[PDB]
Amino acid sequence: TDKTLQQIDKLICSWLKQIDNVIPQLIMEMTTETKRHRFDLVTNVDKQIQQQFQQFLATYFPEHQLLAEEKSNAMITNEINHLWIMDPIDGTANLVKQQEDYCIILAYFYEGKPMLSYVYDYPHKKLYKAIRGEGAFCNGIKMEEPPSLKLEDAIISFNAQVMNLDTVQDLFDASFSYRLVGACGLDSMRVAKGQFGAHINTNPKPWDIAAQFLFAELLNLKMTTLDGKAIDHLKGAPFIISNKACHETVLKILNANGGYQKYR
């Protein structure tokens, strides 16, 4: 019967907050599998959260389609009216090794435009949300655009194991310091908060970055491919989320000297 964004937001926040009741059990009985190789992990926590959201969607928004990490998405196209992108646990490695520093990522796109976004830092019970027209919130405290941050004054975050070492060194020298949380959504939220200058992921999936688009728009962040272009939310791309004042400097470092790949 046609809902407002706030009615949809109310349903989602409510389903997210009631996953607090479900997760301690999943964790107590955690089981791990591998996908691409031995370190590419998936657990019963990832699988249950995803399938519960599937079931939520069947039951509230049955027209709506789901693009999500732990299933095939062959059926998802260019011309989808109502689309949810989900990472049921972003930072699975941190879930398994630490039970901390992981989140649930959700993002709703209406005829391809980001309308609702969610990053649930469950270990710390901090629900980041973005709502087109209302703004961005952490547990309902409203977020505002961070202070300008030049790279020399700012902490940066990226996976240093996946890049050419010279370019890792150049990023070290040009920033104030380096930090890594190890969940794309959480390291992104440190940028949104203004705690990090920038977060780079040179090969994310759609679900690792899906919520961040609307955060970047509402809080005046740069979120681009490492070529400085728009990212297709339906497909990967190498990406940066950054404060406005250090975006260009970071991209120029990444692309210098033949670029950031190990073989250049």
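Throughout, we count residues from 1 along the sequence that is shown. Only the largest set of C-alpha atoms that superpose within 1.5 Å between the two forms is called the rigid core.
**Q** Between 107-115 and 67-75, which has its CA atoms farther from the current form in 4 other deposited structures of this protein, using a rigid core superposition?
**A** Evaluated in 4 other deposited structures of this protein, the stretch farther from the shown form is 67-75.
**Q** Rigid core superposed, root mean square over structures and residues, which stretch has C-alphas farther from this form in 4 other deposited structures of this protein, 220-228 or 31-39?
**A** If we average over structures and residues in 4 other deposited structures of this protein, the farther stretch is 31-39.
**Q** Taking only the CA atoms, which stretch has the higher mean B-factor in the record, 49-57 or 207-215?
**A** It is 49-57 that shows the higher mean C-alpha B-factor.
**Q** May I ask you to compare 218-226 and 26-34 by their mean CA B factor in the entry and name the higher one?
**A** It is 26-34 that shows the higher mean C-alpha B-factor.
**Q** Please work out which residue in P123, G182, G140, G194 has the highest C-alpha B-factor recorded for this crystal structure.
**A** Within the set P123, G182, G140, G194, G140 shows the top C-alpha B-factor.
**Q** Kindly indicate the residue among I80, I155, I104, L186 with the greatest C-alpha B-factor in the PDB record.
**A** Spelled out: the listed residue with the top C-alpha B-factor is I80.
**Q** Sorting the chain's modelled residues by C-alpha B-factor, tell me whether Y108 ends up in the lowest, middle or highest third.
**A** CA B-factor rank for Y108: middle third.
**Q** Using only modelled residues of the chain, where does the Cα B factor of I76 rank: lowest third, middle third or highest third?
**A** Highest third, going by the recorded CA B-factors of the chain.
**Q** Please place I241 in the lowest, middle or highest third of its chain according to the CA B-factor in the PDB entry.
**A** Lowest third - that is where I241 ends up once the chain's C-alpha B-factors are sorted.
**Q** Taking the chain's C-alpha temperature factors as the reference, tell me which third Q169 falls into: lowest, middle or highest.
**A** CA B-factor rank for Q169: middle third.
**Q** Sort the modelled residues of this chain by their C-alpha B factor and say whether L127 lands in the lowest, middle or highest third.
**A** Lowest third of the chain for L127's C-alpha B-factor.
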